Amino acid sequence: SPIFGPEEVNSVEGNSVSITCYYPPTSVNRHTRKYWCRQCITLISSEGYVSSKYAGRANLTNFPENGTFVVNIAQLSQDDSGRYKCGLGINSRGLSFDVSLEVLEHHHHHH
């Protein structure tokens, strides 16, 4: 478990959420591709790829000195609840961490 992050993240429909994953701050790690995928299909990476579902509604930023990268996701919907992975390199390399995202429903506002 070299990489570390939030095992579980809960949010409410309509919110914005940020997910921070940590990795050894060594050169290879620092410059290798960072990715966020849904259990695993790439949704956004540090190598210029941004899926259509995420285009404009999310971001992925790398902070090498810290050995971290952050995925910001906005306007969370019921479609976003699920299992994801944040990792380095290629998806099937396994060098990742599993994150469970639960988007709690937004109840109506009476009273």
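Residue numbers here begin at 1 and follow the sequence given.
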property	result
Absent coordinates between residue 39 and residue 40 - deposited residues affected, binned into four classes	4 to 9
Entry-level comparison of average CA B-factors, 47-55 and 28-36, reporting the higher stretch	47-55
Stretch exceeding the other in mean C-alpha B-factor - 91-99, 11-19	91-99
Chain-relative CA temperature factor third for residue 77	middle
Position of residue 61 among the chain's modelled residues by C-alpha B-factor, lowest, middle or highest third	lowest
